[PDB]
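K.L.:
Take this structure, written in structure tokens, and hold onto it; I'll ask about it next.
Note: ideal-geometry Cβ built from the backbone for every residue, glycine included; neighbour counts use all protein chains shown. The numbers here are math on the coordinates, done by the rules we state, and not lab data.
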Amino acid sequence: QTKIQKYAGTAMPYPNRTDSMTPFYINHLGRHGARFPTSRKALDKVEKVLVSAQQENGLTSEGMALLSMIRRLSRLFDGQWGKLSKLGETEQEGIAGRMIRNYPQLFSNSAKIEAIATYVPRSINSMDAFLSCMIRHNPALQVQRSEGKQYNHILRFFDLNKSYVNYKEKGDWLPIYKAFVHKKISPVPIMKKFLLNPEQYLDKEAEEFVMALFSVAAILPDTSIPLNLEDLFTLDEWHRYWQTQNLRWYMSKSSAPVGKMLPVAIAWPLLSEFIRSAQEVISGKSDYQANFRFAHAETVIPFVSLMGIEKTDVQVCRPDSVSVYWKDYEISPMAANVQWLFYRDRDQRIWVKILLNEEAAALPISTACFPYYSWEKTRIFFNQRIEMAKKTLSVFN
């Protein structure tokens, strides 16, 4: 059942974590917590097909039960599209809580923290769940909270680059994805459960229906509604669905050769801003003990690849091998977050530890005390990544 959760991909709920020197600064990026579906399109597709089968009774008994379940979900999702769920709130409370319990000295006395978020309500509400926990876990904190479109350049860079928008909507990854779905997804086994004469459905409408049904089931664990649809598909069918969505994310938002690093390079302003906020705290220009940022999977995924956390920027030429080497649920589950923890040793040398979803991450540079890296070396490495990103983007107006 761990495998079935992983097969939700970027809709996987944030994984279980447990508590357990002290840093002088934390630099953070977090996706919003577990959320409702953002679009009714999949639900509507599933309902339209089942209702039509109800005309000229083409439903099995379970198709009748599924149709009723779909109508109920449509009423429960009404007015809630894209909202942070109670689960997403508690995910943020857990990330903040473990941070505070791990490093009380960092957030002690009158420590100062700043948080930013996008204009998207689920990310703003995620920041507030996180900050509320902090303030409860030390009301003497000083807190700056802001949000909105002025952070688009560093938190929503994927909307601002014209070449990338064009690639995401129209690029060469699309035919590869569509061929891959046709190869991996067999719709008739699934729809026989629900519809008489499934073989009379054109492959395209059948694939669309099944893909839409997977989307409904995949998001339900994120809603805090006590209903589950995992058993509509076999475990091997969930495996195949996840492979298709994993490849979709990899090619459209990460380091796939077909994207030519364009989906990754667009993140360089956030990496540059991360370095700048840390350099200012190290120098004394800023006296923040933490900078927090709340945004989206499309913020986290290319940011992580651009940092070069090992494996997350792999460039796999064969589409069918991607799932072996690059796992979206390991990078951007719900509430996915990156934390840079800064330390000053007895000699005042600065060390940095990188946490990806609260587990130590590797960079392709040396260190004699993993998971701690020399900040100087890491900064040089990240600045080199930023320069390569600007070079990449120079080929796209």
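K.L.:
Which whole number of Å³ per residue matches the convex hull of the alpha-carbon atoms in region 9-71? Please list the in-between numbers first.
P.N.:
On the way: hull volume 8.4 nm³, N = 63.
It comes to 133 Å³ per residue, whole-number rounded.
K.L.:
Across region 198-208, in residue order, what do the Karplus-derived ³J(HN,Hα) couplings come to in whole Hz, using 6.51 cos²θ - 1.76 cosθ + 1.60 with θ = phi - 60° and x for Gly and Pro?
P.N.:
Values per residue, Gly and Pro as x: x, 5, 7, 7, 4, 3, 5, 5, 5, 4, 4 Hz.
K.L.:
Right, next: From the phi of every residue in region 139-147, what ³J(HN,Hα) in whole Hz does the Karplus formula 6.51 cos²θ - 1.76 cosθ + 1.60 yield, where θ is phi - 60° and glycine or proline is x?
P.N.:
x, 7, 4, 9, 9, 10, 10, 8, 6
K.L.:
Per residue of region 30-35, in order, report the coupling 6.51 cos²θ - 1.76 cosθ + 1.60 (Karplus, θ = phi - 60°) as ³J(HN,Hα) in whole Hz, putting x for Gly and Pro.
P.N.:
x, 5, 3, x, 3, 9
K.L.:
How much space per residue, in cubic angstrom, does the convex hull of the C-alpha atoms of the chain take up?
P.N.:
Working: hull volume 56.6 nm³, N = 397.
Output value, Cα hull per residue: 143 Å³.
K.L.:
Something else about it: When you have a sec, figure out the Kirkwood radius of region 143-198 from all distinct Cα pair distances and drop it here in Å to one decimal?
P.N.:
Mean inverse Cα-Cα distance, inverted, gives 15.4 Å.
K.L.:
Taking the alpha-carbon distance from residue 391 and a cut-off under 26 Å, which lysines remain once sequence neighbours fewer than 8 residues away in the same chain are dropped?
P.N.:
Hits, sequence-local ones excluded: 162, 168, 170, 253, 260, 311, 377.
K.L.:
Using a cut-off of 11 Å between beta-carbons, work out the net charge of the residues near residue 275 (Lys and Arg +1, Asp and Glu -1, residue 275 not included).
P.N.:
Taking every other residue near residue 275 into account, the sum is +1.
K.L.:
Give me Rg/Rg_expected for region 262-397, where Rg uses Cα atoms only and Rg_expected = 2.2 N^0.38 Å with N residues.
P.N.:
1.09
K.L.:
List every residue whose amide H lies under 5 Å from the amide H of residue 35, counting only residues 5 or more places away in sequence or on a different chain, with H placed 1.01 Å from N in the peptide plane.
P.N.:
Hits under the 5 Å cutoff: 85.
K.L.:
Roughly how far apart, in whole Å, are the Cα centres of region 73-101 and region 175-205?
P.N.:
So the separation of the two Cα centres works out to 33 Å.
K.L.:
Related question: Kindly put 100, 219 in sequence by how many other C-beta atoms sit within 10 Å of each C-beta, fewest to most. Could you put the intermediate results ahead of the total?
P.N.:
Working: 100 19, 219 23.
Neighbour counts put them in this order, fewest first: 100, 219.
K.L.:
Given the chain, what percent of its DSSP beta bridges are antiparallel, to the nearest 5? Don't jump to the answer; show the numbers that get you there.
P.N.:
Details: 21 of 36 bridges.
Percent antiparallel among DSSP bridges in the chain is about 60.
K.L.:
Okay, moving on. Treating only the Cβ atoms of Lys and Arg (+1) and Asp and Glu (-1) as charged, compute the dipole magnitude of region 330-397 about its Cα centre; round to the nearest 20 debye.
P.N.:
300
K.L.:
Using only the Cα atoms of region 28-121, what do you get for the radius of gyration and for Dmax, in Å?
P.N.:
Taking only Cα atoms of region 28-121, I get Rg and Dmax of 21.1, 70 Å.
K.L.:
Take the alpha-carbon centre of region 318-397, take the same for region 113-154, and report the distance between them in whole Å.
P.N.:
After rounding, the separation between the Cα centres reads 23 Å.
K.L.:
For region 78-235, would you read off the P(r) tail past 28 Å as a percentage of all alpha carbon pairs?
P.N.:
Pairs farther apart than 28 Å: 49 percent.
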